[PDB]
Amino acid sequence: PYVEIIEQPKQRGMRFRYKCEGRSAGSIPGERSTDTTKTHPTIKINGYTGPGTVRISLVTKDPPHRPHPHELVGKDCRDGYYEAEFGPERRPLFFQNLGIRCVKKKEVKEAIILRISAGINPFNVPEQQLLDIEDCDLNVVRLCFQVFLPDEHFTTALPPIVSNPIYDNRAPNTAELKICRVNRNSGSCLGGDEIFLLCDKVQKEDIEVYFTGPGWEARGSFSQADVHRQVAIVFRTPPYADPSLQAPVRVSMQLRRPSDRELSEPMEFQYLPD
């Protein structure tokens, strides 16, 4: 048989906690989790019922999928990975109290060496590239689910599968984009209105303010000098498609990161006839 991910983890939102912040790094959310009810990364073993073992490991975002320096902590976790005892019942396979613990940049080598020492290299990658020579990333991880089926004395290894990449909300370039507050949400259809936009930490060299409407797009209009300490952007509204507005049109304004073409939740802006 094989393994399948039913509820992928959420990708943007949570901070990778360090070891010094102690305890557990909370618990990775389900992709569709909300305040009404919270979902958790959950899997099912297609075409099988019975006992077994599930082991979860952090792996790189990119194809070779090396084991990742960061490590999981929480329920049923030890030595930096998850390895729990599977029960026939299942409803299906929930993983709530998983938590991503990031390691200091200096402890990266000793961590990878610690991982492959325990024989965790799910995709048996050649050694010359696993020990690395380049970067790594450290802001993006992927869950790796390894399922072992009965034979113990749980050794029948199903194919290991990866989740969607998970992004550190604390890193400026992989963080979730968020408009916190604006001085005003309406302006002349001619544009040129100065807007003070308060947001979560961005990088001045990598941020734009993207206005859109049905078959229309326009950018902010500012310089890097206009990005105050990563959390305020002072820009001027762009001209709208129709400079002769007779009634207000509702457009959608949002922060956009060119690097990964990511977008904040839209904020309603209203072009006025002027």
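Numbers for residues come from their place in the sequence shown, where the first is 1.
State which stretch shows the higher mean Cα B factor in the entry: 140-148 or 87-95. Taking the mean B-factor of the alpha carbons in each, 87-95 is higher.
Worksheet entry | Given 125-133 and 192-200, the range whose Cα B-factors average higher in the PDB entry | In the deposited entry, the stretch with the higher C-alpha B-factor mean is 125-133.
Check your understanding: From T60, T49, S221, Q230, which pick has the Cα B-factor that tops the rest in the entry?
Key -> The record points to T49.
Would the CA B-factor of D76 place it in the lowest, middle or highest third of its chain?
-> Highest third, going by the recorded CA B-factors of the chain.
Which third of the chain holds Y167 when residues are ordered by C-alpha B factor: lowest, middle or highest? Lowest third, going by the recorded CA B-factors of the chain.
* Which third of the chain holds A157 when residues are ordered by C-alpha B factor: lowest, middle or highest? -> Highest third of the chain for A157's C-alpha B-factor.
Practice task
Using the B-factor values recorded in the entry, state whether the Cα atom of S24 falls in the lowest, middle or highest third among the modelled residues of its chain.
Solution key: Its C-alpha B-factor, which the entry lists for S24, ranks in the highest third among residues of this chain.
task = Select lowest, middle or highest to describe the third in which the CA B-factor of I56 falls within its chain in this entry.
result = Its C-alpha B-factor belongs to the middle third of this chain's values.
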